[PDB]
């Protein structure tokens, strides 16, 4: 067990003694379903009970903590859904805990809510950014692996043998390409069964290949967990590269990052 992982368990268990968890899964593609699956595995393994966020329900501004699911939606100039959800609901809760996330911009949101945010960063670029906004390391800003590294992998495996050479899993926007991230895409991941079975699908697909080529973070993560030979390609805002440098480098020697 890594030092950041043990710290993460004890920390969330410490919050659970004091406040009850109101959990909102991050919406998005099937990669975001992998984060939710692993988050549900994390809650069950640490005996952490939660109530799912219900719009219109009244929560306690003193004893309820919003657990905002991990992901990379908080990117100014790209997505505004996660930013709008937090800003419209920050007043309802005592604290807002952002599960391990990639954050870019939205400096006004984090400076003006520093007293309510507890930010978990899944790579060094987000960690240095948040701490540069005067967040205090080990008090209201932390760094640790993306949730998907917590995936209880053995209950998702099909154990079907490898018989195909290369899988191409590239973003459809810009050969035999299978963008398996874009299968289920939306605000689905508050259903733990749908999240886990969607994650089984992605894993079932990858299990049968020896080599995986992708620019999709959680395809790369899943294939790395599977011990596959992984060729990971970059995207904008250093999103892929930063997670690779923090979590995949050296820890998974069969996964390499192709810069050019």
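Residue numbers count along the first chain shown, from 1.
Where coordinates are absent for parts of the deposited sequence, a chain break appears; between neighbours residue 174 and residue 175 it spans 4 to 9 residues. Taking only CA atoms, the mean B-factor in the PDB entry is higher for 87-95 than for the other of 69-77 and 87-95. The PDB entry assigns its highest CA temperature factor, among 207, 192, 57, 32, to 57.
Within the listed group 124, 181, 138, 101, the record reports its top CA B-factor for 138. Among all modelled residues in its chain, residue 197 ranks in the lowest third by Cα B-factor. In this PDB entry, residue 109 carries a Cα temperature factor that places it within the highest third of its chain's modelled residues. In the deposited entry, the Cα temperature factor of residue 213 places it in the middle third of its chain's modelled residues.
Ranked within its chain, residue 146 lands in the middle third, by CA B factor from the PDB record.
Residue 244: CA B factor lies in the middle third for its chain, per the PDB record.
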